[PDB]
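Student: My sequence and its experimental structure, below.
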Amino acid sequence: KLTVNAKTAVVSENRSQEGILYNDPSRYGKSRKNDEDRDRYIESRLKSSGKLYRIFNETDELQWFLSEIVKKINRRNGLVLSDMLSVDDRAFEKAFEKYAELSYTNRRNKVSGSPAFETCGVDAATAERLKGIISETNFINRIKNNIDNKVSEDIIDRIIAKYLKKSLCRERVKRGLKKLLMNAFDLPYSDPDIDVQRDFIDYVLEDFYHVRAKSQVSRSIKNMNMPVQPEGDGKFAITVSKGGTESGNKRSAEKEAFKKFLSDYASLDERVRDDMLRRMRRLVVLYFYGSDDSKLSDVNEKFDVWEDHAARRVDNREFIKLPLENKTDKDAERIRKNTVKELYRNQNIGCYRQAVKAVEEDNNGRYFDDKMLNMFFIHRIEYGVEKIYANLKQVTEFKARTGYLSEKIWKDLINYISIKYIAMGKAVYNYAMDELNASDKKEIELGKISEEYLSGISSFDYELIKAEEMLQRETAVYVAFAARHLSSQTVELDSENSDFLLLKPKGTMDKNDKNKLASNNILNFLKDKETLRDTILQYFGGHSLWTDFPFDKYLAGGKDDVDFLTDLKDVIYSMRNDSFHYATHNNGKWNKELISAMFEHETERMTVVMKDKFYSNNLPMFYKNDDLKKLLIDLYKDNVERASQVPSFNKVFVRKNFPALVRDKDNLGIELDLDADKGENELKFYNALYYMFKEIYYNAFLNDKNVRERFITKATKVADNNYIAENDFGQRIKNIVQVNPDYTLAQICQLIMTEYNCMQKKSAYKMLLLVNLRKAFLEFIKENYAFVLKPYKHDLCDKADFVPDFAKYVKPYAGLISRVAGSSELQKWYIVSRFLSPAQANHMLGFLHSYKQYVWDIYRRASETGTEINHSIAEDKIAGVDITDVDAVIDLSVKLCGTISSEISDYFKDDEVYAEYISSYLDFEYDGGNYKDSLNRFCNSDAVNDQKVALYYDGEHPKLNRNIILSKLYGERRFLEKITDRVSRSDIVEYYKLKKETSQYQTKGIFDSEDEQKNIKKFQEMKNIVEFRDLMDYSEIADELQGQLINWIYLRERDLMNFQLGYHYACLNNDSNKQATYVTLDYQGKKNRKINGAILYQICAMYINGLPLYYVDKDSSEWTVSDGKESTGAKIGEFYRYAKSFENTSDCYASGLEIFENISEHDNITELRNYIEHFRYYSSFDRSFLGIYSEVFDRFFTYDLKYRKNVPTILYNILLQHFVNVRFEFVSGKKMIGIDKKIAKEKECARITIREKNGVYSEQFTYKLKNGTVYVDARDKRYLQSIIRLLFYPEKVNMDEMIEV
RNA sequence: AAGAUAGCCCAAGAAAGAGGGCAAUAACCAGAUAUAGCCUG
């Protein structure tokens, strides 16, 4: 990358913008580059490549022969341009550079022929010498100097396709080089249209001296800008470049014409938009089908553009003729693909020149009146064709069809209109809707640009927006999951009442018969009202922990546990569509005293929980309680707010290598001296030490002052004295600490990891961070916790005897308790996070960390560049609440969500119900009597030899399995049954046999032989099965697949609002006919208010929880205002009743949405959105995850190609994160158009599936041994089978054929 | 309907041009919640 030293940004001063280069990290006054320094920086980066410049870049006999030819050409005395042009003590370097500039200038000024050196400051005699140096004869001699071999035309072809430098990979340059090489090797060859001197040699000189980048790159950076900027009259519009050159001025004029198109197209009169789309459609038909196409003959024919679109798509006409296939020879296929790309380019050039001519000659009403608008679209069309072939992955016949290309370009032009209206709405929503903020103003004005942004938008401004929108979208996913988990055990929904958050309180009656309950009254759906409180308290750790809590104090009067459930439902709902940007918000409808009291009650157990984890992790088995007490107070006296982008403990201390690293004398030298319980006690110790070090790592190590100082000195050792990398890594650390000496260790890690950072996850600075953190932690242990070096096995004390005086030394939650009591917003974060799975709560916490670090980094870079920035996005607060408080709240949920009660009665009604529930995942040979006795006999039966089954029983009762209860609270039972097989006796037999085989080398960590490593992996796989750990893995994968779908839902909903905002903002600001209430609402009710820019206010009100909407009520037929808390679906209906008077349209809500989507599928989009967010998949299983992702790819992101075309890759990445590699196959399925209430028709749909044979394979783990290295499948066939079932259910496939081994 | 594995902005450009930028835009990278599960780099 050219600008690898620096970063770019866009700054705006007084409605004028400038792209800048700046060094990072740096200080104000030393970061932003001035004009001259920007110019010399680019120039310096270009000249730093001249001496390594080579025409060619960089096992089989032929492939290895081609590499030897390239190397010999690139060697000394070969084609080394720096040696050739610096001859005679560099006396001719300036003349050669001047020649290269004149050669380029002659091209863009259309002067034929190579420049004469006499015009490069050189006499006629020297000119003859220089011309000879860069002649074909001399190039041939340099090429031949190190080669004494025979080649062919095909060999030269393969060398050019595989090794020619990218900057030289243009058709005429490649043909010039081929002609040169054939002449060099005395092979007969003819290419009469090509001149070796002008087409290859002269161009190589232009490329060697970088004459294009030298004269253009710096100016192109300075003229960069944002998508939207204010105009003179304080209106947002798409940004138009300033131009400055002949081609730049024409380009800006075309862009101004399209800006007028966006203004004129925003018309409620659909006939106006219909006519404009028809003219754009005729440009597409002209481009691909010529001026004599039948749809261009009659200028006044109002043909259906969409029916023409469908007709062309199935046309068999060929855009180019593809060459025949090759006799796979991958070198031959690359040559063929390059030939195919040139065929596309030549035909695309022909189509362009023909369309430009026909637009100028035979318009007369066919196209747009503005010629610059026709040219803008023709340039878009040519660019769209190039987008298709420039990154062609494989030559296919369908992609060579004219109808495929014309219709891809048609949707491409509509895409461009869609993203520009969305871009306009983005600027309007964030910067021109200030008076949405709750106020006492009786008259407000929407759509006026806030004062801080009238001078324009900077790139830092949009980085802040991204940070906020990312966290908002991530939080919307967990709101949905919290609602799902709360509903899963309390209510049973139906298809008509499938959104738990929209159920109504127990007193809600039917509107048309007040004698009956409302259909959505929560009473109609309760699974068991008499156990409702205990069912809810399962998610608060079990009701046994609440026997002292005065529920009746808060549920007094006629309130009961149904109001308890309703209050929790109301908390979660108040966070849905709760905008971080506009406060409507801090006074919840629910019982704030009850929720606050439950929070305080939960903080009171936190010290007990954290010290219990020391006990449960067997730390008091190897260390003195007094030494552990000291550590507990150190770690948990204060709530620790973790920073993002710090390497995780598990990456610094890999668990596999942990026993060996602990015993190493150079690290810690810990040896535990220990009968039958020997190997089991060593395993307990290393597991205990691993948990203790992890807690130390996060709660004491990372923030220690002495640790940071010694980290810096050690990391910069090699710098002040792999060896290549540690020197550069050390110098980077030195630069960081010089810029700011107060940077924390986390901030140094963040800055390093920044420059360390392709859309696809890759299958098979960071290490030096890991190594230096590892070394610093070991010394921190030796300096501050020396007692850990001397473990001693002794009997475990009683759980209640382990540091019972812990609470009296620490009070970490003292201040937070009162702040939650007075903050409805804090209570929202509490309840939403509290109802997540432990893994989800952890992810939510990580997203908060990434948000805080992002905002801090934006303001850091804005400050060093001297860029004034509005602080609407705070570094320390979110939605008016301290991020530190939100962090502590989510962290409490993370810990308590994973703390399962020890009482079976907290989750089940007796041991028999629990045993039967276990039978859904374990086949303990149920005879038919009672499940409890069947399980007890199973565990008491012989497994292998002298070993009983055991595992699942704890004395007189079945053993409480942590993974079983977590799947009950947070997982989906029917889903897990349908994708997995129950644990069997043979599983347990194989478990115990592998436990015995590995019992002698289990804690060796890193192993000697290949058979030892494979048997260890096999035992770990069997342990995961018998402990139901694979069950949790599948549940998390499903949660990640479902979470991404919900993420996409709120991505689309944001952009639908932005499209509507930008479109109606453009309509408000054009001269088209607009009715009174579209512009101004004058509401005269008791809550009177005058709304200027009413359409914009009402659009945003549809999407913001708490923003009231003005409408004419159904039953009263009079104007009213809502409280703003009604559902999105209710607000859409209300918006229709606000616009129902509109006389220039039948549907204001849908105006312009033909650009955003296919209107005929609008209700199908709503159905898919509801299907996902209401978790209908887990109740019906009518579609597969692959089928849901397929429909999203097919029609959920019609509004923006960059989201649609990444949908399959995102799915591929999620699976690869769990070490599953899948190979996609894109085929056909079915989808409905419309919803029956009875006009729905069926149509073809995109179907993403997996290749039938060898479509799924596991990633390989690289397992280092003592001497060698072995590769083992990360996931066995049984794991891959459940992944396939997860993706395909209810569809069944041949998994023996699909899985590759 | 689709056959994905980007998209946009600046520059260049008709004997085409094809040089730069993007935490701005999604993805990517990173994140450890619980007891042998995310190795390697």
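Tutor: Cool, the structure landed. Numbering: from 1, shown residues only, chains lettered A, B, ... in the order given.

Student: The residue nearest to residue A:284 when sequence neighbours are not counted: neighbouring residues, count only.
Tutor: Nearest residue to residue A:284, sequence neighbours excluded (C-beta to C-beta, 6 or more residues apart in numbering): residue A:410, at 5.2 Å. (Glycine included, C-beta is placed from N, CA and C.) Neighbourhood size, residue A:410 [other C-beta atoms under 10 Å]: 25.

Student: Residue A:410 contacts residue A:310, doesn't it?
Tutor: No. The pair residue A:410 / residue A:310 is not scored as a contact, 10.5 Å apart, by C-beta atoms under 8 Å.

Student: In this structure residue A:1112 contacts residue A:1139, no?
Tutor: No. Contact criterion C-beta under 8 Å: residue A:1112 and residue A:1139 do not qualify, at 10.1 Å.

Student: neighbour-wise, which of the two wins?
Tutor: The residue with more neighbours, out of residue A:1112 and residue A:1139, is residue A:1139; 21 against 14, by other C-beta under 10 Å.

Student: list the contacts for that one?
Tutor: A:1078, A:1145, A:1147-1149 (C-beta atoms under 8 Å, 6 or more residues apart in numbering).

Student: what do you get for residue A:287?
Tutor: Each residue near residue A:287 by C-beta under 8 Å, 6+ apart is listed here: A:351-352, A:354-355, A:378, A:381-382, A:406, A:409.

Student: Apply 7 Å and report the result again.
Tutor: Neighbour list for residue A:287: A:351, A:355, A:378, A:381 [criterion: C-beta atoms under 7 Å, 6 or more residues apart in numbering].

Student: check which helix or strand covers it.
Tutor: helix A:270-289 (DSSP states H and E).

Student: who in the stretch 1151-1300 of chain A is up against RNA strand B?
Tutor: Contact residues, the stretch 1151-1300 of chain A versus RNA strand B (C-beta under 7 Å from any atom of the strand): A:1193-1195, A:1200-1210, A:1212-1214, A:1217, A:1224, A:1226-1229, A:1243-1247, A:1259, A:1261-1264, A:1274.

Student: Same question for the stretch 501-650 of chain A.
Tutor: A:609, A:613, A:616-618, A:642, A:644-650.

Student: rerun at 6 Å
Tutor: Residues of the stretch 501-650 of chain A lying near RNA strand B by C-beta under 6 Å from any atom of the strand: A:613, A:616-618, A:642, A:644-645, A:647-650.

Student: since we're on the residue of the stretch 501-650 of chain A found nearest RNA strand B, how many residues are nearby?
Tutor: With C-beta to the nearest atom of the strand, the shortest gap between the stretch 501-650 of chain A and RNA strand B falls at residue A:616, namely 3.0 Å. Neighbourhood size, residue A:616 [other C-beta under 10 Å]: 14.

Student: need the contact list for the residue of the stretch 301-450 of chain A found nearest RNA strand B.
Tutor: Residue of the stretch 301-450 of chain A nearest RNA strand B, by C-beta to the nearest atom of the strand: residue A:398 (3.6 Å). Contacts for residue A:398 (C-beta under 7 Å, 6+ apart) come out as residue A:404.

Student: how much space between it and residue A:1122?
Tutor: In this view, residue A:398 and residue A:1122 are 51 Å apart by C-beta to C-beta, to the nearest Å.

Student: Checking residue A:1081 next. Helix, strand or coil?
Tutor: When classified by DSSP: H, G, I helix; E, B strand; the rest coil, residue A:1081 comes out as strand.

Student: can you tell me which residues contact it?
Tutor: Contacts for residue A:1081 (C-beta under 7 Å, 6+ apart) come out as A:1090-1091, A:1094, A:1110.

Student: go again using 6 Å as the cut-off
Tutor: The contact partners of residue A:1081, by C-beta atoms under 6 Å, 6 or more residues apart in numbering, come to A:1091, A:1094, A:1110.

Student: which element is the first one on?
Tutor: Which is residue A:1091. strand A:1089-1092.

Student: buried ones in the helix or strand following that strand?
Tutor: Under the assignment DSSP H and E, the closest C-terminal helix or strand after strand A:1089-1092 is helix A:1094-1101. Going by neighbour count (16 or more other C-beta atoms under 10 Å), the buried part of helix A:1094-1101 is A:1094-1101.

Student: now the residues you listed in JSON lines, with distance to residue A:164?
Tutor: As requested, these are exported to JSON lines (distance: C-beta to C-beta, whole Å):
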{"residue": "A:1094", "distance to residue A:164": "61"}
{"residue": "A:1095", "distance to residue A:164": "57"}
{"residue": "A:1096", "distance to residue A:164": "54"}
{"residue": "A:1097", "distance to residue A:164": "59"}
{"residue": "A:1098", "distance to residue A:164": "59"}
{"residue": "A:1099", "distance to residue A:164": "53"}
{"residue": "A:1100", "distance to residue A:164": "54"}
{"residue": "A:1101", "distance to residue A:164": "59"}
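
Student: of those residues, closest to RNA strand B?
Tutor: For the buried residues of helix A:1094-1101, the nearest to RNA strand B is residue A:1100 (17.6 Å; C-beta to the nearest atom of the strand).

Student: Up against RNA strand B, what does the stretch 851-1000 of chain A have?
Tutor: Proximity of the stretch 851-1000 of chain A to RNA strand B (C-beta under 6 Å from any atom of the strand) is limited to residues A:853-854, A:857, A:894, A:898-899, A:995, A:998.
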